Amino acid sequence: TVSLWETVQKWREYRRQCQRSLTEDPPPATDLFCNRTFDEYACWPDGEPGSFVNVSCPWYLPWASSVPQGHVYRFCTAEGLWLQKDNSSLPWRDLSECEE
């Protein structure tokens, strides 16, 4: 079985690689773009205003081999803020394609 410790190791490397992208990817065409971010789960690129942003299921998941073409989603609003969940400050995401 896929152990906690190996998943944590993979997660750390995912985060490492993401942080490198956050620092090294060129700035977005406009400040109207939604901003790149690591949310502890996935690495998000900058987003075009009024569009959906997609990223692959994080490869550190124990079941990543079962969801090889799955994607997780955010929505970048026309004001360059990531779409938020009501009440909260938290961003809307759809992770359903990456469930076990």
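Quick note: we count residues from 1 along the sequence shown, nothing fancier. C-alpha atoms forming the largest set that superposes within 1.5 Å between two forms make up the rigid core.
Greater C-alpha displacement in 8 other deposited structures of this protein (rigid core superposition, RMS over structures and residues), of 39-47 versus 23-31: 23-31.
Between 11-19 and 88-96, the larger mean CA deviation from the shown form in 8 other deposited structures of this protein, after core superposition, belongs to 88-96. For the pair 68-76 and 27-35, the mean B factor over Cα atoms is greater in 27-35. Higher mean CA temperature factor, per the PDB entry, when comparing 8-16 with 82-90: 82-90.
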